[PDB]
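J.: Dropping in entry18.cif, which is mmCIF, N, CA and C atoms:
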```cif
data_protein
loop_
_atom_site.group_PDB
_atom_site.id
_atom_site.type_symbol
_atom_site.label_atom_id
_atom_site.label_comp_id
_atom_site.auth_asym_id
_atom_site.auth_seq_id
_atom_site.Cartn_x
_atom_site.Cartn_y
_atom_site.Cartn_z
ATOM 1 N N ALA O 1 -11.194 -36.132 17.984
ATOM 2 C CA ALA O 1 -10.606 -35.867 16.644
ATOM 3 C C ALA O 1 -9.358 -36.716 16.412
ATOM 4 N N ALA O 2 -9.413 -37.581 15.397
ATOM 5 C CA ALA O 2 -8.289 -38.452 15.065
ATOM 6 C C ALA O 2 -7.348 -37.778 14.070
ATOM 7 N N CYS O 3 -6.082 -37.631 14.464
ATOM 8 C CA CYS O 3 -5.078 -37.004 13.606
ATOM 9 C C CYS O 3 -4.475 -38.023 12.642
ATOM 10 N N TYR O 4 -4.607 -37.756 11.341
ATOM 11 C CA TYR O 4 -4.074 -38.647 10.315
ATOM 12 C C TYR O 4 -2.970 -37.961 9.519
ATOM 13 N N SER O 5 -1.844 -38.652 9.360
ATOM 14 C CA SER O 5 -0.716 -38.111 8.607
ATOM 15 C C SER O 5 -1.054 -37.995 7.121
ATOM 16 N N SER O 6 -1.971 -38.845 6.648
ATOM 17 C CA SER O 6 -2.388 -38.822 5.249
ATOM 18 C C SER O 6 -3.270 -37.607 4.980
ATOM 19 N N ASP O 7 -4.169 -37.311 5.920
ATOM 20 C CA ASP O 7 -5.050 -36.158 5.799
ATOM 21 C C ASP O 7 -4.236 -34.887 5.973
ATOM 22 N N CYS O 8 -3.381 -34.896 6.995
ATOM 23 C CA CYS O 8 -2.500 -33.771 7.276
ATOM 24 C C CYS O 8 -1.724 -33.393 6.030
ATOM 25 N N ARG O 9 -1.085 -34.398 5.439
ATOM 26 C CA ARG O 9 -0.295 -34.206 4.236
ATOM 27 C C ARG O 9 -1.122 -33.564 3.125
ATOM 28 N N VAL O 10 -2.340 -34.071 2.905
ATOM 29 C CA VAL O 10 -3.210 -33.522 1.866
ATOM 30 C C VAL O 10 -3.469 -32.039 2.116
ATOM 31 N N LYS O 11 -3.673 -31.687 3.385
ATOM 32 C CA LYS O 11 -3.902 -30.299 3.771
ATOM 33 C C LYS O 11 -2.644 -29.469 3.545
ATOM 34 N N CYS O 12 -1.486 -30.118 3.649
ATOM 35 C CA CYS O 12 -0.212 -29.446 3.441
ATOM 36 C C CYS O 12 0.078 -29.306 1.946
ATOM 37 N N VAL O 13 -0.214 -30.359 1.176
ATOM 38 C CA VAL O 13 -0.005 -30.328 -0.270
ATOM 39 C C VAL O 13 -0.848 -29.223 -0.908
ATOM 40 N N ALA O 14 -2.054 -29.025 -0.371
ATOM 41 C CA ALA O 14 -2.966 -27.996 -0.865
ATOM 42 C C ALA O 14 -2.587 -26.611 -0.338
ATOM 43 N N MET O 15 -1.951 -26.570 0.837
ATOM 44 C CA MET O 15 -1.538 -25.304 1.441
ATOM 45 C C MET O 15 -0.098 -24.940 1.054
ATOM 46 N N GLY O 16 0.444 -25.630 0.046
ATOM 47 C CA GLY O 16 1.798 -25.349 -0.412
ATOM 48 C C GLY O 16 2.872 -25.987 0.452
ATOM 49 N N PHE O 17 2.906 -27.319 0.469
ATOM 50 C CA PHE O 17 3.897 -28.063 1.249
ATOM 51 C C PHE O 17 4.300 -29.345 0.520
ATOM 52 N N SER O 18 5.398 -29.963 0.960
ATOM 53 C CA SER O 18 5.884 -31.193 0.329
ATOM 54 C C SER O 18 5.332 -32.459 0.996
ATOM 55 N N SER O 19 4.544 -32.289 2.062
ATOM 56 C CA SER O 19 3.947 -33.419 2.791
ATOM 57 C C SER O 19 3.398 -32.973 4.147
ATOM 58 N N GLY O 20 2.947 -33.941 4.943
ATOM 59 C CA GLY O 20 2.403 -33.647 6.263
ATOM 60 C C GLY O 20 2.222 -34.899 7.102
ATOM 61 N N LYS O 21 2.185 -34.735 8.426
ATOM 62 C CA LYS O 21 2.014 -35.862 9.329
ATOM 63 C C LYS O 21 1.215 -35.469 10.556
ATOM 64 N N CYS O 22 1.139 -36.394 11.488
ATOM 65 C CA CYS O 22 0.420 -36.177 12.730
ATOM 66 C C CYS O 22 1.226 -36.672 13.922
ATOM 67 N N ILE O 23 1.387 -35.798 14.908
ATOM 68 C CA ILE O 23 2.119 -36.120 16.117
ATOM 69 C C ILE O 23 1.124 -36.538 17.212
ATOM 70 N N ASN O 24 1.406 -36.228 18.485
ATOM 71 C CA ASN O 24 0.512 -36.578 19.581
ATOM 72 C C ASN O 24 -0.951 -36.379 19.178
ATOM 73 N N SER O 25 -1.215 -35.243 18.536
ATOM 74 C CA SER O 25 -2.547 -34.894 18.059
ATOM 75 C C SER O 25 -2.510 -33.563 17.302
ATOM 76 N N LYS O 26 -1.410 -33.324 16.578
ATOM 77 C CA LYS O 26 -1.243 -32.082 15.821
ATOM 78 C C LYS O 26 -0.566 -32.323 14.469
ATOM 79 N N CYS O 27 -1.248 -31.909 13.400
ATOM 80 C CA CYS O 27 -0.755 -32.048 12.047
ATOM 81 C C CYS O 27 0.393 -31.089 11.776
ATOM 82 N N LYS O 28 1.435 -31.638 11.188
ATOM 83 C CA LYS O 28 2.627 -30.879 10.827
ATOM 84 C C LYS O 28 2.863 -30.984 9.327
ATOM 85 N N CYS O 29 3.404 -29.927 8.736
ATOM 86 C CA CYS O 29 3.664 -29.918 7.301
ATOM 87 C C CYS O 29 5.135 -30.174 6.994
ATOM 88 N N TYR O 30 5.369 -30.810 5.850
ATOM 89 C CA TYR O 30 6.714 -31.144 5.393
ATOM 90 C C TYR O 30 7.206 -30.106 4.389
ATOM 91 N N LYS O 31 7.360 -28.870 4.861
ATOM 92 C CA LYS O 31 7.819 -27.759 4.016
ATOM 93 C C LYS O 31 8.943 -28.196 3.073
#
```
Render the structure in this file as structure tokens.
T.:
Amino acid sequence: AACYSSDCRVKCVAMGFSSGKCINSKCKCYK
């Protein structure tokens, strides 16, 4: 599974966030 900051962000924007990224292999949201 490839972690993408662009995909992560989209998941965060839809889940109520200001953005999102990807670390070692875990998506984080930009609350």
J.: Translate the PyMOL selection byres (((chain O and resi 19 and name CA) around 10) and name CA) into a concrete residue list for this structure, as a list in words.
T.: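 Selected by the PyMOL selection byres (((chain O and resi 19 and name CA) around 10) and name CA) here: residues 5, 6, 7, 8, 9, 10, 11, 12, 13, 14, 15, 16, 17, 18, 20, 21, 28, 29, 30 and 31 of chain O.
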J.: With N, CA and C atoms kept, could you save the residues just selected as a short mmCIF file (atom, residue, chain, number, x, y, z; two decimals), keeping the file's coordinate frame?
T.:
```cif
data_model
loop_
_atom_site.label_atom_id
_atom_site.label_comp_id
_atom_site.auth_asym_id
_atom_site.auth_seq_id
_atom_site.Cartn_x
_atom_site.Cartn_y
_atom_site.Cartn_z
N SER O 5 -1.84 -38.65 9.36
CA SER O 5 -0.72 -38.11 8.61
C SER O 5 -1.05 -37.99 7.12
N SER O 6 -1.97 -38.84 6.65
CA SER O 6 -2.39 -38.82 5.25
C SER O 6 -3.27 -37.61 4.98
N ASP O 7 -4.17 -37.31 5.92
CA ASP O 7 -5.05 -36.16 5.80
C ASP O 7 -4.24 -34.89 5.97
N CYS O 8 -3.38 -34.90 7.00
CA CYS O 8 -2.50 -33.77 7.28
C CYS O 8 -1.72 -33.39 6.03
N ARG O 9 -1.08 -34.40 5.44
CA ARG O 9 -0.30 -34.21 4.24
C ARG O 9 -1.12 -33.56 3.12
N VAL O 10 -2.34 -34.07 2.90
CA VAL O 10 -3.21 -33.52 1.87
C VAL O 10 -3.47 -32.04 2.12
N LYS O 11 -3.67 -31.69 3.38
CA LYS O 11 -3.90 -30.30 3.77
C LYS O 11 -2.64 -29.47 3.54
N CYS O 12 -1.49 -30.12 3.65
CA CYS O 12 -0.21 -29.45 3.44
C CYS O 12 0.08 -29.31 1.95
N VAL O 13 -0.21 -30.36 1.18
CA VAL O 13 0.00 -30.33 -0.27
C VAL O 13 -0.85 -29.22 -0.91
N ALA O 14 -2.05 -29.02 -0.37
CA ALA O 14 -2.97 -28.00 -0.86
C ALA O 14 -2.59 -26.61 -0.34
N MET O 15 -1.95 -26.57 0.84
CA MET O 15 -1.54 -25.30 1.44
C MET O 15 -0.10 -24.94 1.05
N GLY O 16 0.44 -25.63 0.05
CA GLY O 16 1.80 -25.35 -0.41
C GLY O 16 2.87 -25.99 0.45
N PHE O 17 2.91 -27.32 0.47
CA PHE O 17 3.90 -28.06 1.25
C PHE O 17 4.30 -29.34 0.52
N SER O 18 5.40 -29.96 0.96
CA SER O 18 5.88 -31.19 0.33
C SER O 18 5.33 -32.46 1.00
N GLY O 20 2.95 -33.94 4.94
CA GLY O 20 2.40 -33.65 6.26
C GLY O 20 2.22 -34.90 7.10
N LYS O 21 2.18 -34.74 8.43
CA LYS O 21 2.01 -35.86 9.33
C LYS O 21 1.22 -35.47 10.56
N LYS O 28 1.44 -31.64 11.19
CA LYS O 28 2.63 -30.88 10.83
C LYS O 28 2.86 -30.98 9.33
N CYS O 29 3.40 -29.93 8.74
CA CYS O 29 3.66 -29.92 7.30
C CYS O 29 5.14 -30.17 6.99
N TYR O 30 5.37 -30.81 5.85
CA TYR O 30 6.71 -31.14 5.39
C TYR O 30 7.21 -30.11 4.39
N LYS O 31 7.36 -28.87 4.86
CA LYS O 31 7.82 -27.76 4.02
C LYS O 31 8.94 -28.20 3.07
#
```
J.: To one decimal place, how far is atom CA of residue 23 of chain O from atom CA of residue 4 of chain O in Å?
T.: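 So the answer is 8.9 Å.
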J.: Here's the selection I'm unsure about, the PyMOL selection byres ((chain O and resi 3) around 6.5); applied to the file above, which residues does it give, as JSON, numbers by chain?
T.: {"O": [1, 2, 4, 5, 22, 25, 26, 27]}
J.: Running DSSP on the backbone, which parts of chain O land in alpha helix (DSSP H), as a PyMOL selection string?
T.: chain O and resi 5-14
J.: Tell me, which residues of chain O carry DSSP strand (DSSP E), written as a count of residues only?
T.: 6
J.: Let me have the centre and edge lengths in Å, one decimal, of the box along x, y and z around every listed atom of segment 4-18 of chain O with 5 Å of margin on each side, as JSON.
T.:
```
{"center_x": 0.4, "center_y": -31.9, "center_z": 5.2, "size_x": 20.9, "size_y": 23.9, "size_z": 22.2}
```
